[PDB]
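Secondary and tertiary structure notes
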Amino acid sequence: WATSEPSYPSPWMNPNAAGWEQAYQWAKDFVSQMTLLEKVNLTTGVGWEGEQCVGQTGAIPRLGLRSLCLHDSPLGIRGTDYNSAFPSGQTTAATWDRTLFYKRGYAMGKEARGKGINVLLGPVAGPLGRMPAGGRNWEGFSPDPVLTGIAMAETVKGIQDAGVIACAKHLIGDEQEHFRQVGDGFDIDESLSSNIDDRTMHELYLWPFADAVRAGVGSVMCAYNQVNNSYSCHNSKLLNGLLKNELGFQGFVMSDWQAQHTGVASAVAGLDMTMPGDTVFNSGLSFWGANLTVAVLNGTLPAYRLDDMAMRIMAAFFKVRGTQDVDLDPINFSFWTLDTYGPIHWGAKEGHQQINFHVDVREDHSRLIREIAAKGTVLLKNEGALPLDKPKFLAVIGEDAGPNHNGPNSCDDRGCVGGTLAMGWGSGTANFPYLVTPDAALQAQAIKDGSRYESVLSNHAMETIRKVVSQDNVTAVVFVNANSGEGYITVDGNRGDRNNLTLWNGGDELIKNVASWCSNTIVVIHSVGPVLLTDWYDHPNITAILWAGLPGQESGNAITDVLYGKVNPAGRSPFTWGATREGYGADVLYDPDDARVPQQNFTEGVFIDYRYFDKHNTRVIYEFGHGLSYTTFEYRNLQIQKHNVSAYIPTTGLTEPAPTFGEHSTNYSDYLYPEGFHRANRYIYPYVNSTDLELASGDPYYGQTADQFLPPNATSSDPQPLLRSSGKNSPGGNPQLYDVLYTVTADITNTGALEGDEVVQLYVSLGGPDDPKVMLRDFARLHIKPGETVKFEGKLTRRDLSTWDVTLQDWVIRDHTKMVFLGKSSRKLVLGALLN
Ligand SMILES: *[C@@H]1O[C@H](CO)[C@@H](O[C@@H]2O[C@H](CO)[C@@H](O[C@@H]3O[C@H](CO)[C@@H](O)[C@H](O[C@H]4O[C@H](CO)[C@@H](O)[C@H](O)[C@@H]4O)[C@@H]3O)[C@H](O)[C@H]2NC(C)=O)[C@H](O)[C@H]1NC(C)=O
Ligand SMILES: *[C@@H]1O[C@H](CO)[C@@H](O[C@@H]2O[C@H](CO)[C@@H](O[C@@H]3O[C@H](CO)[C@@H](O)[C@H](O)[C@@H]3O)[C@H](O)[C@H]2NC(C)=O)[C@H](O)[C@H]1NC(C)=O
Ligand SMILES: *[C@@H]1O[C@H](CO)[C@@H](O[C@@H]2O[C@H](CO)[C@@H](O[C@@H]3O[C@H](CO)[C@@H](O)[C@H](O)[C@@H]3O)[C@H](O)[C@H]2NC(C)=O)[C@H](O)[C@H]1NC(C)=O
Ligand SMILES: *[C@@H]1O[C@H](CO)[C@@H](O[C@@H]2O[C@H](CO)[C@@H](O[C@@H]3O[C@H](CO)[C@@H](O)[C@H](O)[C@@H]3O)[C@H](O)[C@H]2NC(C)=O)[C@H](O)[C@H]1NC(C)=O
Ligand SMILES: *[C@@H]1O[C@H](CO)[C@@H](O[C@@H]2O[C@H](CO)[C@@H](O)[C@H](O)[C@H]2NC(C)=O)[C@H](O)[C@H]1NC(C)=O
Ligand SMILES: *[C@@H]1O[C@H](CO)[C@@H](O[C@@H]2O[C@H](CO)[C@@H](O)[C@H](O)[C@H]2NC(C)=O)[C@H](O)[C@H]1NC(C)=O
Ligand SMILES: *[C@@H]1O[C@H](CO)[C@@H](O)[C@H](O)[C@H]1NC(C)=O
Ligand SMILES: OC[C@H]1O[C@@H](O)[C@H](O)[C@@H](O)[C@@H]1O
């Protein structure tokens, strides 16, 4: 069995780090004036359903700070009205456009701010996408680390310039939604452990988080799963050794809802804030809260650690926002209802006022949502069918093309299929302000165009369909979908995770039938991820296939732009379209197989998605980074310019000893509930109810000093040595990792008749017997006019060419023959040269 090695003590903030020096100072000037009670309020959630947002902290009224509001989603504001619904992160990734990564972020952030949210619970790098059938991979960006890391840095930078606090979501493992928690139909004693060896962790799953740390993300969420059999929220090597030690993360770490299962041990493991605060939803008891105060008071949790917890939360707050002000606008919505009036303490039915204000907060974001959705559509196949000109008879076919007869928001958290699919289910959702359905957008295009339009919005009226598409001169566009979501909603026996990689609602045989009766058949797929196209992609009557992903509120208008050439395709697949499911290598584990704790050995190593296909030459139908245009592009004249140099010297030194900020009284009666006080039911408070700390806690396991149940040095205050693989005041790793060793340029020439975008992609091969054949390392999206030639330049950093040595515990550049390639895809590599 795998074990998680201990890394202690929990690193405290560096006052000279990166872009936090000022935010550190302002936090220092603020937490210094906090009582122990107030520190426990900022770190402990009020309990599930306790307030307005999906998570809220204790307030600090004496210092003028209201409760902090934390809320979903990574694609728009969840559970409220007059928000926008942006396209998924997966689809956004498919644009391969950093500008759009950022614009979507700043967009989402501005809406969260307008509602009064202080922490937006996004963007997502866990799951990265280890298995195509994973329930939530669509919330992320790509199974590929470089594209995902770029998308994260850019989305985080957007969210926070708005500016609310961004949250790098689900720290590592959690590539699957089965067994993420316990119970729920299965007999497992603990959550699944995904076990990841050290090299895999550094150059695959942690890679994007590094990028989020280096971009300045204010918070990080730990995940429900264990890693080497200790929950990510109790994990020393992960939270202390990797995130806060090596990458030097300066912000605060919050828990996934009910992901914390221990109090003090979790605090020194690295957890700064527990959410929504209970031990368990509606239980009224906390592993922190009252337990947190008696932990300091009885000596076993060092004072410096709770000050660090406070320092991190308040530093994040001050890093965004950018003024020393606290003092926020009111939280103007409520998550638990849409009613205008209701209990502000929803769970307890206490505090009946106006909790919903219906603030339009939408701006003109529909322009951006429609642009991203179109520029993120992938044109998979095009045998002379597209763009559509003025078809005499256009016939749209499929349920996915129509309205949910029950309305766009009929199902809470999007937990059902019906009509068009524009969004997966789970927390990663928002309500649509409207949902432009393809039927309506295409019909209106055809009418303006003078065409004849008929639609059959069913997957099963077969003879009805036949009569429609058999007629002379028919252009048939057929809409099919596949879905997944978070594990707490089962839609048609899919327990969050996809059961299989085929289309839902019999889309396969719907396509096979339409292609059977019509010679110009176009397939559009709305889906959470790849679907096996094997039985029908090469049909001679299917003349084009497009993947439009999860486009959000403007899905209809976006696919019309692409079909009629208003927007020229360019979108590249953020994943591989394989022929079998075994061809992807790793797979979801749907059954614990009598095991008490399901174990997931990540023995595929760094070989997920296209890396796996390329290594074992399993069959690929559309490769990673594939996408077509209505024009053509000629790559010529490769140039690699090598910068000298600067030797990679280690890092190096010794930190400052753990500080204290403010003081705490030792008169236990100071922490009793104030005399008049009224306890909202099940609300999580910081006050003790007995001057007997053992009784105050009510923990039946009470009474051991830190040396009896915490590992060595777990509370140590002494200066700690600096890790070889970090930078001194440089969060993200040894800053020489990001020196540019090579500049790579080619000449990209549009050779078609229509203007368009091109997604030049940069791949490297690091020699190496255990290495992939190609790894993506840079990319660029260029706009080129028909006659034009354009200079693409890419960069390769010292990290870009490195392997993680575990003996050395750093990054090295081994002495293997190494090469760089430029391609139109993972496989369509047209230029290559030796890196000298
Ligand atoms: C000071 O106050 C704090 C706050 O309440 C109080 O903390 C609690 O401490 C106990 C230790 O006494 C913690 O409980 C243990 O937790 C660890 C990690 O989860 C377990 O390994 C421990 O196992 C013991 O007993 C088991 C049963 O035989 C064995 O299997 C095991 O090997 C161990 O012997 C035990 O479960 C508890 O988590 C915290 N509570 C919170 C909310 O943090 C502390 O005890 C007080 N200190 C003093 C000196 O009074
Ligand atoms: C999950 O477990 C794996 C393996 O138990 C952890 O990976 C291992 O990480 C340690 C460092 O944390 C590596 O240690 C080094 O060992 C070399 C000898 O090979 C030694 O010379 C060095 O001094 C160094 O200590 C270890 O090699 C590595 N093992 C593998 C197979 O990669 C992993 O970090 C664990 N993850 C978590 C979150 O606990
Ligand atoms: C820790 O956080 C909690 C929750 O945010 C804080 O509790 C809030 O405290 C105020 C007063 O301290 C309570 O106000 C009272 O309402 C009555 C009428 O019901 C009114 O007469 C009072 O003047 C006051 O407005 C408020 O209800 C309470 N919130 C809850 C949910 O109970 C607490 O103060 C924080 N502790 C510290 C040390 O900052
Ligand atoms: C802190 O703890 C004390 C006791 O540990 C709490 O006080 C007590 O509350 C219980 C009920 O919650 C009272 O007991 C029983 O209550 C019913 C309903 O009133 C009563 O009719 C029965 O005859 C029976 O006594 C108990 O009398 C009461 N004792 C005292 C001294 O208050 C206290 O409420 C807790 N404080 C907070 C802020 O939660
Ligand atoms: C502090 O944490 C402990 C557990 O770490 C909480 O303990 C519960 O106490 C009840 C009392 O009957 C037991 O039945 C449970 O087994 C205990 N553990 C749980 C619920 O996980 C304790 O309530 C916490 N203190 C406060 C004030 O919430
Ligand atoms: C491609 O589409 C055409 C229809 O446009 C299919 O052809 C018809 O085929 C049936 C039986 O094969 C004949 O009875 C009809 O007279 C044909 N009509 C026309 C207009 O050709 C053709 O079979 C389709 N191809 C495939 C592989 O299914
Ligand atoms: C301790 O606190 C209580 C209430 O907060 C107060 O009434 C009492 O006088 C204090 N005692 C000492 C010795 O400070
Ligand atoms: O609902 C709010 C939170 O709790 C859970 O539902 C999800 O796992 C989280 O990702 C989410 O941020």
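Residues numbered from 1 in each chain as written, not as in the entry; some residues may be left out. Chains lettered and ligands numbered in written order. Heavy atoms only, no water. Residues with missing side-chain atoms left out of burial classes, pairs and counts.

Using the following cut-off: UniProt positions are given in the numbering used here, feature names are shortened, and annotations may be inferred rather than shown by experiment.
Where the PDB entry is consulted, the protein appears under the name Beta-glucosidase, with the organism given as Chaetomium thermophilum. Here the PDB entry title reads "Chaetomium thermophilum beta-glucosidase". A UniProt comment under Catalytic activity (unreviewed entry) is attached to the protein, and it reads "Hydrolysis of terminal, non-reducing beta-D-glucosyl residues with release of beta-D-glucose." A UniProt comment under Pathway (unreviewed entry) is attached to the protein, and it reads "Glycan metabolism; cellulose degradation."

**A closer look at the state of the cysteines**
As a reminder, the rule being used: We call a pair of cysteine sulfur atoms a disulfide whenever their separation is within 2.5 Å. Numbering of helices and strands runs from the N terminus, with a helix taken as a DSSP run of H or I at least four residues long and a strand as a DSSP run of E at least two residues long.
Taken as a whole, this structure holds three disulfides when the rule is applied. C53 shares a disulfide with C69; S-S distance 2.0 Å. Measuring the twist about the S-S bond at about -100°, one finds the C53-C69 disulfide to be left-handed. Of this pair, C53 sits in the loop between α2 (36–43) and β1 (55–56) while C69 sits in strand β2 (residues 69–71), and the two are 16 residues apart along the sequence.

**Looking at the site of ligand 1**
Operational definition: Here, proximity means that at least one heavy atom of the residue falls within 4 Å of the molecule or strand. Pairs of N or O atoms are called polar contacts if they sit within 3.5 Å, as long as, within protein, a hydrogen donor faces a hydrogen acceptor (for residues adjacent in sequence, only side-chain-to-side-chain pairs). In these tables, accessible area is a Shrake-Rupley quantity obtained with a 1.4 Å probe, and a residue counts as shielded only by the protein chains included in the view. Note on definitions: the grid is 1 Å and covers protein atoms alone; a cavity is a set of points where a 1.4 Å probe fits but cannot get out; a pocket is an open set with protein on both sides within 12 Å along at least five of seven lines; lining residues have an atom within 4 Å of a point. Assignment to a cavity or pocket requires that more than half of a molecule's atoms be within 2 Å of the site's grid points. Residue type decides the class: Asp, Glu, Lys and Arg count as charged, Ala, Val, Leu, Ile, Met, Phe, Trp, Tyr, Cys and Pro as nonpolar, and the leftover types, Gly among them, as polar.
Taken together, 17 residues lie near ligand 1, and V264, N298, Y701, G703 and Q704 sit nearest. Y702 is positioned with one of its side-chain polar atoms (N or O) 3.5 Å from an oxygen atom of ligand 1. Protein contacts shield 64% of the accessible area of ligand 1, which totals 930 Å² for the unbound molecule. More than half of the atoms of ligand 1 fall within 2 Å of the grid points belonging to the largest pocket. Of the residues forming the shell around ligand 1, the biggest block, three residues, is contributed by helix α9 (residues 290–297). Split into classes, the residues belonging to the shell around ligand 1 amount to seven nonpolar, nine polar and one charged.

**Structural notes on the layout of surface pockets**
Our working definition: Grid points are joined across faces, edges and corners, and a volume is the space filled by probe spheres set on the points. Domain start and stop points were drawn from an automatic or database domain assignment.
Computed from the structure, the largest pocket encloses a volume of approximately 1100 Å³. If you trace the largest pocket, you find 49 residues lining it, with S286, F287, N291, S697 and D699 closest to the centre. Taken together, the elements giving at least two residues each to the lining of the largest pocket come down to α8 (264–269), α9 and α17 (693–697). When residues in the lining of the largest pocket are grouped by element, the largest group, four residues, is from α9. When the residues that make up the lining of the largest pocket are grouped by side-chain class, the tally is 24 nonpolar, 21 polar and four charged. For the lining of the largest pocket, the two domains that each supply at least three residues are domain 1 (1–326) and domain 3 (633–836).

**Section: the domain arrangement of the protein**
For clarity, the threshold we go by: Note on contacts: a residue pair qualifies if any of its non-hydrogen atoms lie within 4.5 Å across the two residues. Accessible area that two parts lose when put together, evaluated with a 1.4 Å probe and summed over both, is termed the buried area. Whenever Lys or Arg places a side-chain nitrogen within 4 Å of a carboxyl oxygen from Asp or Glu, that contact is recorded as a salt bridge.
Looking at the protein, the domain boundaries give domain 1 (1–326), domain 2 (362–632) and domain 3 (633–836). Each of domain 1 and domain 2 was reduced to a C-alpha centroid, and the two centroids are 32 Å apart. Contacts between the two partners involve 72 residues from domain 1, matched on the other side by 74 residues from domain 2. Of the roughly 6000 Å² buried where domain 1 meets domain 2, counting both sides, 57% is carbon and sulfur surface. Summed over the three residues of domain 1 that lose the most area to domain 2, namely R130, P132 and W138, the buried surface amounts to 12% of that side. Put simply, domain 1 and domain 2 have nine salt bridges between them. Across the pair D189 and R596 runs a salt bridge, and its minimum N-O distance is 2.8 Å. Our count for the domain 1 to domain 2 interface comes out at 36 residue pairs in polar contact.

**Looking at the environment of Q639**
The condition is simple: With a 1.4 Å probe rolled over the protein chains alone, any residue whose accessible area is under 20% of its type maximum counts as buried; one over 50% counts as exposed, and the rest are partly exposed.
Residue placement: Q639 occurs in strand β22 (residues 633–642). Residue classification places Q639 among the partly exposed positions, given a relative accessible area of 42%. Separated by 154 residues in sequence, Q639 and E793 have C-alpha atoms that sit 9.1 Å apart. In this structure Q639 touches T743, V744 and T745, once residues within four positions along its chain are discounted.

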